[PDB]
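Asks: Dropping a structure here in structure tokens format, bear with me for questions.
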Amino acid sequence: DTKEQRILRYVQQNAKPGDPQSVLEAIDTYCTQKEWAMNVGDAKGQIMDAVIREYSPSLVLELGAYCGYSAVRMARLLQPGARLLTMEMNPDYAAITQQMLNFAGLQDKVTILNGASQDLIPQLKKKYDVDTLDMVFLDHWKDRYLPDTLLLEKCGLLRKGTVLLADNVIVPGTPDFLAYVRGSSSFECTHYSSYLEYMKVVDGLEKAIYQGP
Ligand SMILES: C[S@@+](CC[C@H](N)C(=O)[O-])C[C@H]1O[C@@H](n2cnc3c(N)ncnc32)[C@H](O)[C@@H]1O
Ligand SMILES: Cc1ccc(C(=O)c2cc(O)c(O)c([N+](=O)[O-])c2)cc1
Ligand SMILES: [Cl-]
Ligand SMILES: [Cl-]
Ligand SMILES: [Cl-]
Ligand SMILES: [Mg+2]
């Protein structure tokens, strides 16, 4: 019995089937009251919500799904026909995420790619019929944010205006990625100060908009 299985069971026992808001609030309640877990959480998630609503992306890539909290959070705000692709290398967690999306009734909007971002990113265009991404949510191991950004650019997946939105740029921190995009004329960056999920430790999201080659 894993913490992720516990989160899922608590959602099935407490949330309303087909109600993404209810599912979010259930996961937040469990992780606030019973066991901390690395979901983006409600404070940063409200910022995510506002960004999603501003850009109305048709195609979103998420890096790191975990239990599907952020996937539910973003998918519930997508326009009809818009898509989220989420990459998750832990098969146990990917299983839990799929069940979480099913419960929320979001399964038709979200596609889970099992495996490591660095292996899956080069297969996106061919295997998933992707041209360029409108938005990317980076929230996997922090040492991959920079390498996967370079890899996205190499594979032609970024267009002028693609929005990168990065979690945890303060804590645990992503120093190479943050130095890189803030220093590069290829990105326009904005910092949104907030708090680490379920705590009062300061963290923040960085928005880095690709400006083209
Ligand atoms: C912080 S959790 C994702 C949380 C999720 N975005 C949310 O807010 O609910 C990080 C996840 O990244 C996954 N992960 C780490 N490195 C990865 C990689 N290179 N490719 C795919 N998934 C990876 C881990 O297995 C874990 O599920
Ligand atoms: C041992 C330990 C230390 C710090 C954290 C932690 O704070 C954390 C928070 C996140 O939002 C997050 O995305 C990740 N991550 O992907 O590794 C870790 C989680 C576990
Ligand atoms: Cl590598
Ligand atoms: Cl929170
Ligand atoms: Cl705290
Ligand atoms: Mg995170």
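Using the entry's author numbering, the first residue of the sequence shown is number 3, and each one after it goes up by one.
C-beta atoms are modelled at their ideal positions from N, C-alpha and C, and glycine is treated no differently.
(1) Need the endpoints of the alpha helix (DSSP H) that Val132 sits in, please.
(2) What does DSSP give as the partner residues of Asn116 in its beta bridges?
(3) Assuming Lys209 and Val165 make a contact with CB atoms under 8 Å, what is their CB distance in whole Å?
(4) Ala106 to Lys18, Cα distance in whole Å?
(5) For a minimum of 3 consecutive residues, which ranges assigned as the beta strand (DSSP E) are wholly contained in the stretch 146–193?
(6) Based on DSSP bridge pairs, tell me the residues matched to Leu65.
(7) Using the Cβ count rule (16 or more neighbours within 10 Å means buried), how would you classify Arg75?
(8) Check the DSSP bridge columns for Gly206 and list the partner residues they point to.
(9) Quick one: complete beta strand (DSSP E) runs, 3+ long, within the stretch 7–69?
(10) Span of the alpha helix (DSSP H) holding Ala84?
(11) Exposed or buried, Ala168, counting other C-beta atoms within 10 Å across all chains shown (16 or more means buried)?
(12) For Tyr71, name the three-state secondary structure that DSSP assigns.
(13) Grab me the residues of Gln109's own chain with a C-beta within less than 6 Å of its C-beta, minus the 5 sequence neighbours each way, in chain order.
(14) Between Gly47 and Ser72, what straight-line distance do the alpha-carbon atoms span, to the nearest angstrom?
(15) Thinking just about the alpha-carbon of each residue, which of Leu122, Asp21, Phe189, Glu37 is nearest to the one in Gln7?
(16) Report the CB separation of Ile49 from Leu207 in whole angstroms; it is logged as a contact under 8 Å.
(17) Taking the alpha-carbon positions, what's the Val25 to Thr99 distance?
(18) Using the C-alpha atoms, what's the distance from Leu126 back to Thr88?
(19) Whole angstroms are fine: how far does the CA of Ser60 sit from the CA of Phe179?
(20) On the CB-based measure, 16 or more other CB atoms within 10 Å of its CB, does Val42 come out buried or exposed?
(21) Looking at the structure shown, is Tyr200 part of a helix, part of a strand, or coil, going by DSSP?
Replies: With the given structure in hand:
(1) Looking at the DSSP string, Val132 is not in any alpha helix (DSSP H), and its letter there is neither H nor E.
(2) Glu90
(3) 6 Å
(4) 8 Å
(5) 165–168
(6) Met89, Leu140
(7) buried
(8) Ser195
(9) 61–65
(10) Where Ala84 is concerned, there is no enclosing alpha helix (DSSP H), given that its DSSP letter is neither H nor E.
(11) With 16 or more neighbouring CB atoms inside 10 Å of its own CB, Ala168 falls in the buried class.
(12) helix
(13) For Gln109, where only same-chain residues beyond five positions count, the Cβ hits under 6 Å are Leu103.
(14) 8 Å
(15) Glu37
(16) Going by Cβ atoms, the distance from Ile49 to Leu207 rounds to 6 Å, so yes, they are a contact pair.
(17) 12 Å
(18) 11 Å
(19) 25 Å
(20) Here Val42 is buried, its C-beta having at least 16 other C-beta atoms within 10 Å.
(21) coil
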